[PDB]
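So this first bit is one chain, no partners, the form deposited in one PDB entry, shown in structure tokens.
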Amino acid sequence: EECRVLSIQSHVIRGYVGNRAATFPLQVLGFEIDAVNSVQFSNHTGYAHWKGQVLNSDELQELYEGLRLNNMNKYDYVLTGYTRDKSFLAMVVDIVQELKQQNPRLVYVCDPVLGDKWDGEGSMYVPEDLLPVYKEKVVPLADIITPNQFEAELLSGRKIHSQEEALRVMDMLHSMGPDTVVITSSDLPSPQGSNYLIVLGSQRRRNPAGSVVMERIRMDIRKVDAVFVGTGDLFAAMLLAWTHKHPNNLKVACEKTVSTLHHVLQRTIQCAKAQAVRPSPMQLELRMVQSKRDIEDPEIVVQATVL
């Protein structure tokens, strides 16, 4: 038995973002993940310097023809994240369409990377003309999506000020296409204090009996004093892995996903501090490799609230 994933994301030489944050973890859990590298840079763009090349829609299509010609275009999952250009994204959409025709049971996990917000206001970090494509072509095709608060607000067109508006926006997202919507981070208020970020998740599904039900959860995570890159990619990847293992249990899938990132960042936070005192982007690269054990079976450190 084998579960095949096609992950189209960026590659870097040094560090863990994109395909570099998604691949090792999924491989450790038994997945035959195939990495299509949308770009190859020396490191992520949060560093003072970075150089590299990008893959264009033509080349992505060639890579695909190669696979198709060998009749190797049969996947169980497809996984996308940061996509920098409309032309590429329209191509990723054509590829997902054909893979779904090839296999109707294919699950498309899509991280709709658009931007994020810093201390109150958010701004986009991909071309604005990608939003219409995400709205009309990509999300309708998705089975699981992992937007942060900023991205859900752009996808739904509604600002989110409360948990209830969050739920309403999540329902809106469900109606665009995906049965699983997880808001990966938000500045919603927590009763635990203000040094907490909020994760919300909602999954629609049919039970053996055949009724269409919805599981909803919330997690209040304590904030770590640092900026990490790649953890959004890691979140989407682990979510793929754990909903795959616990299909009818969003609570457990999310707790394992959020617990894995917690163990990775705790281990990362330790070494960052030891090597420094104000850690640079380099010292803050996720301690991926050293976290093998926590990825394989993470001790659950945060229980979710049931909504």
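Basically, rigid core = biggest C-alpha set you can superpose within 1.5 Å across the two forms. Residue positions are given as counts along the sequence shown, with the first one as 1.
The protein also exists as the form deposited in another entry; that form is not presented, and the subsequent description refers to it.
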ask   = Which listed residue, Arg206, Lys74, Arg168, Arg222, is the one whose CA shifts 2 angstroms or more between this form and the one not shown with the rigid core aligned?
value = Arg206
note = Checked in the other form: CA of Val139 to CA of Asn207 differs by 3 Å or more, atoms lying closer
query = Versus the form shown, are the CA atoms of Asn207 and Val138 closer or farther apart in the other form, given a shift of 3 angstroms or more?
reply = closer
